[PDB]
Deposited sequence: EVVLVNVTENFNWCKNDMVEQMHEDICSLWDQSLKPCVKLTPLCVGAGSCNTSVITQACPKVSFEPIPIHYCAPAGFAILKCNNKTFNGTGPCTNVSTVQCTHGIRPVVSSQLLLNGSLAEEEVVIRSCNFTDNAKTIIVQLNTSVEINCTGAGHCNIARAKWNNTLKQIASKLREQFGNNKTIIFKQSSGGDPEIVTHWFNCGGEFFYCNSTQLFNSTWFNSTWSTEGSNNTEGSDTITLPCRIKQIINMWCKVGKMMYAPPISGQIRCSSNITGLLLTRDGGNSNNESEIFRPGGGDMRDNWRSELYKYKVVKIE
């Protein structure tokens, strides 16, 4: 829209107001769009007894494909955008610009895998807020999409060959970050809430939970055409906008189908004091701010 020259701008994608603002707008939307039969939130104000707050309401079944949402500048501010084909989110960017709104973003709620997102324009790209810290999330962005086909009848499908090529590119990128002599190893999730241990996502209004062990079980730099993930649909859900629980009614349709493109991943690295040289990576996620950061890394909002 409006380009700039002879101007340097320091970005910091791990300290971005747009990410927080978007997180609330999204919550508000899901909150009001898909309503639970019962809502449970903890309330422990009193020093002693804890009081669970309960809400019961009419819960109509609803399903439609999330419409792209845009972020636009609030009165007083402006949106700068970095145009470097491969920008890591931090430091100066001279190929900068100012825009009305951001690009169209699908407000997808999911873990482990990022769906229907933006692709890297050149090579596969990995990004973190602190790589040496094994607790911080590693966001992968792919340069090629991978289909994942899911059905309410209990499974998801991925082509093995396509997924294997993808793993090769991530491992390649990973070992470049942690030492060119390291062995890259993908393992299943190590534990936690169901929404975190499985590849969790929403589809036709129903919450799916898919065992992703088969996607994360290989060793790099040391047979069956499609990979079929077992899945469950669930009625009792852990909240993601805050701490609590939600119950929905059982499905009313017998033909729930989701085709999606895997455009990125969320990983966590094992780490830990080990003179043995090999890094272990497991699927991660849970904080949707990471999901939003993978789309907004190239934006910042500045006062006019």
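A.B. asks: Which bits of the deposited sequence have no atoms placed for their C-alpha?
C.D. replies: No coordinates exist for the deposited residues in 223-234, 317, so these stretches are absent from the model.
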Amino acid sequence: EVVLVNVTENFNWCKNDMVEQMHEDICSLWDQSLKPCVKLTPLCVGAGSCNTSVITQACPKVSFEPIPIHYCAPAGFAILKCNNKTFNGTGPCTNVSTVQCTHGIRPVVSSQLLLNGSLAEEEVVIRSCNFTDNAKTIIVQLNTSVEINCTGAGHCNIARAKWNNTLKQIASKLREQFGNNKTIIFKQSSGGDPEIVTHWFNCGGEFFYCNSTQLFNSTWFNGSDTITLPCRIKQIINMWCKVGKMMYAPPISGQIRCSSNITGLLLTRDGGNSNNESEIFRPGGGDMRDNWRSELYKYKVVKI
From here on, numbers count along this sequence of modelled residues.
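A.B. asks: Which is higher in the entry, the mean Cα B factor of 141-149 or that of 86-94?
C.D. replies: Result of the comparison: 86-94.
A.B. asks: Return whichever of 268-276 and 252-260 has the greater mean Cα B factor according to the PDB record.
C.D. replies: Taking the mean B-factor of the alpha carbons in each, 268-276 is higher.
A.B. asks: Which of these has the highest Cα B-factor in the record: 214, 189, 110, 100?
C.D. replies: Checking the PDB record, the top C-alpha B-factor among 214, 189, 110, 100 is at 100.
A.B. asks: Tell me, please, which of 194, 230, 205, 179 has the highest C-alpha B factor according to the deposited entry?
C.D. replies: Of the options given, 179 has the highest CA B-factor in the PDB entry.
A.B. asks: Where does the C-alpha B-factor of residue 81 rank in its chain, lowest, middle or highest third?
C.D. replies: According to the entry, residue 81 has a C-alpha B-factor in the chain's highest third.
A.B. asks: According to the PDB entry, is the CA B factor of residue 209 in the bottom, middle or top third of its chain, that is, lowest, middle or highest?
C.D. replies: Within its chain, residue 209 is a lowest-third residue by C-alpha B-factor, going by the deposited values.
A.B. asks: Of the three thirds of its chain by CA temperature factor, lowest, middle or highest, which one includes residue 296?
C.D. replies: Residue 296: CA B-factor falls in the middle third of its chain.
A.B. asks: Of the three thirds of its chain by CA temperature factor, lowest, middle or highest, which one includes residue 185?
C.D. replies: It falls in the middle third of the chain.
A.B. asks: Where does residue 105 sit by CA temperature factor within its chain: lowest, middle or highest third?
C.D. replies: Ranked within chain, residue 105 CA B lands in the middle tercile.
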